[PDB]
Amino acid sequence: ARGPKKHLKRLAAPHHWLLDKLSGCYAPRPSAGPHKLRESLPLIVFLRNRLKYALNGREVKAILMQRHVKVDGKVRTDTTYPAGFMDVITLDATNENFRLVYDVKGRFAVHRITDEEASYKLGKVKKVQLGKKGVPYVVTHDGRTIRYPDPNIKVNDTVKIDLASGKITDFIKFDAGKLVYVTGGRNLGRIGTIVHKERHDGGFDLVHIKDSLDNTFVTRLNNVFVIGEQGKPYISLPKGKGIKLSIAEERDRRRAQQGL
Amino acid sequence: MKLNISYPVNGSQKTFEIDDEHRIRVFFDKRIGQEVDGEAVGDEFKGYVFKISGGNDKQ
Amino acid sequence: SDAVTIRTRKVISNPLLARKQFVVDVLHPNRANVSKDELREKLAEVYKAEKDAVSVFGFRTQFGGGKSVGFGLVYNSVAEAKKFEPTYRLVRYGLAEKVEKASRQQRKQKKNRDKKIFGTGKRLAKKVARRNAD
RNA sequence: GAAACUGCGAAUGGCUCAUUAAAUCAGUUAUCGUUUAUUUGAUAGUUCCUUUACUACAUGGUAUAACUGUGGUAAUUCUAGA
RNA sequence: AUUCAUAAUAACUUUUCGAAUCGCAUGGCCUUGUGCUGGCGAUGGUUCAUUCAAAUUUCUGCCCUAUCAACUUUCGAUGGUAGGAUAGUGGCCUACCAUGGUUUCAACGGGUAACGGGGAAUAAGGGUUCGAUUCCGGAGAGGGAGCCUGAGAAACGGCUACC
Ligand SMILES: [K+]
Ligand SMILES: [Mg+2]
Ligand SMILES: [Mg+2]
Ligand SMILES: [Mg+2]
Ligand SMILES: [Mg+2]
Ligand SMILES: [Mg+2]
Ligand SMILES: [Mg+2]
Ligand SMILES: [Mg+2]
Ligand SMILES: [Mg+2]
Ligand SMILES: [Mg+2]
Ligand SMILES: [Mg+2]
Ligand SMILES: [Mg+2]
Ligand SMILES: [Mg+2]
């Protein structure tokens, strides 16, 4: 009440951060940024908890302000900077890069990309609109406004950013039989190929997605994220490829690995 | 009462006590900004002209 | 000999802090525990360090004694160790000295006393001096 | 780097359950009915005195805190005159 | 789905913004000069988008009571038109007009030793009872009312008045 909140109590934090219940009363409240705080991964959570490069928040601040970590090629010394889906994190040391994608178990995963993959990213068009002076623009999911887009670009389409300059190199239309990603709902982390989409005027269009080995499911259009055509994706996939194999099947792989 | 009389061109300021309350009534029923002679105020102020800039009552 | 048999595990290079982190297990039969200074020294001649770039944590001994496990950092020099490590552990290891601060309550009380003062206060100091010397 | 001016915060947190019975709240909606500091992305070649006033843009001036001093009140994080 | 986004014409403005700001390196060309030209940032700064929000908001769902059966409406009750006011919709307020609106499918009134919920105890199944209290939402800072500064307060470790 009386104004915006500044504290995020622990157990109110998003569960996919995988914060422990003890060792703290509060959780890192992500700052205002490109991503909504529910589906954003703060740099303190990614460093201290996911990468174990820091032991405490003070060391996290020491890492951040030195101009070590650059998010999408920009330093962003904010501790709770809301890094989200498809974001590219480059580290000056160790000569390696991470992309931020979910795993099939519905949480952001440490995925290592090369430099050529780090040199770009894919985003989802939230809207296409004419601005002042009639310049058209596309708004991605990460709050990027790019002027003069291709006229064939429509809403919920995928655009490849150059990440060093605010331009689009190419795009993928929203059409049937194109490999996609899921960023919402119970299917958080899946990767599949479209079957069709239902019209459903007035709100909440529904899309039917088929997995690699025919695990057919449906989800809202809001959660869909086109990533390529049949095979040959534009983004290297994380460990798992978002398939959601059964509990008994992963039990088989675990007893295979430790039972040899 | 006491008079915080200040000469501004050199920034000098001194306090003079003026008893004989039947002579401080030249100040009476005047207000800030009203010029008053120095002759009635005192036998020391021949030709000095003052003006009221402020004050502090008892309390 | 005593045969501590100090083994380092979970070793990770962290050039982001110019240090290597690890957990360390020490096996000390018929011995209570291991001293931090001697453990830091042994880590120094293991890593060809100079006994000052080494920091240690924990060493929660198992039940019944005989084995301790704790965290450890080995740096590249004194300079980044002194810039990255906390003051309290610097005072532990003897590089720096504990700063003589007043207790927290009287520090706060003095700050609240200074809140009631506008400016330096030499004006009111000489005014109360005049009132005391009238 | 004391002080002070400026900026920002102080609307968060923390506490309590008095009020409150379609009120609050829960799930679910709408803003094609609005405000939004700050973060992130983009984003002002046009200022011709409100023209026959282009007079400094190698860059306009006022008035003040702080500080120096005179003080008043028993007293307040009171303050006035220069 | 629009009188949308935009764009064009005609004008209007206590004429809003369009850098008289700060730190490092201080290069290139000679017309060798208080010559020309230059990066890394920081704080700013109209507008759009994004984010953290907020405010209103649709549907459905609350305990006991008829020893509570009618209730609301000159003093806004329910609508219409226009205006005012607000960030904006809207009887929110005003003027004029119409006479509506709820109710035994329990309105209205009264009581609550009532903050609501996630939940807790018990539990064959079905249920019963509790939830001031860790999380979320609301409300309040002795009781009312009013208000300044601000993006955000009807703030109280802000102010003003009364008790
Ligand atoms: K009306
Ligand atoms: Mg609060
Ligand atoms: Mg109206
Ligand atoms: Mg109550
Ligand atoms: Mg409760
Ligand atoms: Mg109670
Ligand atoms: Mg609460
Ligand atoms: Mg309140
Ligand atoms: Mg009390
Ligand atoms: Mg403010
Ligand atoms: Mg109040
Ligand atoms: Mg208090
Ligand atoms: Mg408070």
Side-chain angles (χ1 to χ4, degrees), chain A residues 18 20 22-24 28 41-81 83 87-100 109-113 115 118 258, chain C residues 6-26 36 39-40 43-44 47 49 52-60 68-93 95-99 101 104:
Chain A
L18 296 192
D20 52 347
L22 313 181
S23 85
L41 179 75
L43 282 154
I44 186 167
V45 178
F46 180 62
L47 272 191
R48 177 193 46 197
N49 309 139
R50 276 301 177 284
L51 281 184
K52 312 283 179 205
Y53 281 123
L55 270 295
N56 57 3
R58 191 201 40 81
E59 184 183 356
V60 180
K61 183 68 135 181
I63 301 175
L64 267 295
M65 62 79 70
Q66 189 276 331
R67 326 280 285 204
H68 271 303
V69 181
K70 45 183 51 183
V71 189
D72 276 1
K74 296 188 181 58
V75 159
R76 267 65 177 265
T77 47
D78 195 359
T79 293
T80 66
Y81 185 76
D87 280 18
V88 163
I89 291 176
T90 288
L91 276 73
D92 60 356
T94 65
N95 266 25
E96 58 85 19
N97 313 289
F98 311 114
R99 189 171 296 277
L100 292 184
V110 174
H111 176 60
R112 277 172 186 77
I113 62 189
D115 291 328
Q258 286 83 19
Chain C
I6 181 169
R7 284 98 50 84
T8 186
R9 311 147 66 84
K10 302 281 195 66
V11 295
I12 298 149
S13 297
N14 183 316
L16 278 299
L17 279 300
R19 91 210 185 176
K20 298 175 58 66
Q21 84 265 22
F22 63 91
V23 71
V24 59
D25 69 310
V26 59
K36 283 202 302 287
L39 212 60
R40 281 171 57 216
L43 283 177
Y47 290 129
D52 201 20
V54 192
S55 296
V56 291
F57 303 95
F59 308 110
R60 171 55 165 241
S68 294
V69 163
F71 207 64
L73 314 176
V74 59
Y75 285 64
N76 283 20
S77 71
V78 181
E80 81 286 353
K82 225 187 296 188
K83 86 184 296 314
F84 286 152
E85 290 278 317
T87 289
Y88 74 88
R89 190 175 301 115
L90 270 297
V91 183
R92 292 183 181 179
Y93 297 168
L95 292 91
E97 325 297 331
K98 172 251 291 184
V99 286
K101 65 164 64 181
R104 177 178 184 87

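In what follows, every heavy atom counts, from backbone to side chain, and hydrogens, waters and symmetry copies are set aside. Sequence lines set the chain letters: A, B, ... in the order given, protein chains first and strands last, and positions in each chain run from 1.
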S.K.: Using non-hydrogen atoms only, which part of A/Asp92 is less than 4.5 Å away from chain C: side chain, backbone, both, or neither?
M.R.: side chain

S.K.: Chain A heavy atoms under 4.5 Å from C/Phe71: which part of the residue, side chain, backbone, both or neither?
M.R.: side chain

S.K.: Indicate the atoms forming the closest heavy-atom contact of C/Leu17 with A/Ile63, along with that distance.
M.R.: CD2-CG1, 3.6 Å

S.K.: Taking side chain as everything from C-beta outward and backbone as N, CA, C, O, which of these in A/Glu59 sits under 4.5 Å from a heavy atom of chain C? Side chain, backbone, both or neither.
M.R.: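 Only the side chain of A/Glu59 comes within 4.5 Å of chain C.
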
S.K.: At a heavy-atom distance under 4.5 Å, which candidate from C/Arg19, C/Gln21, C/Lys83 has the highest pair count against chain A?
M.R.: C/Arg19

S.K.: Test your reading of the model: is there a side-chain donor-acceptor pair from A/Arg76 to the backbone of A/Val71, 3.5 Å cut-off?
M.R.: yes

S.K.: Just checking C/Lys10: does its NZ atom have more than 12 heavy atoms from other residues, nucleotides or ligands closer to it than 6.0 angstrom?
M.R.: no

S.K.: Classify the side-chain pair C/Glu85/C/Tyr93 by whether it contains a donor and acceptor separated by less than 3.5 Å.
M.R.: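 There is no such pair (donor and acceptor under 3.5 Å, judged by atom type) between the side chains of C/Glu85 and C/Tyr93.
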
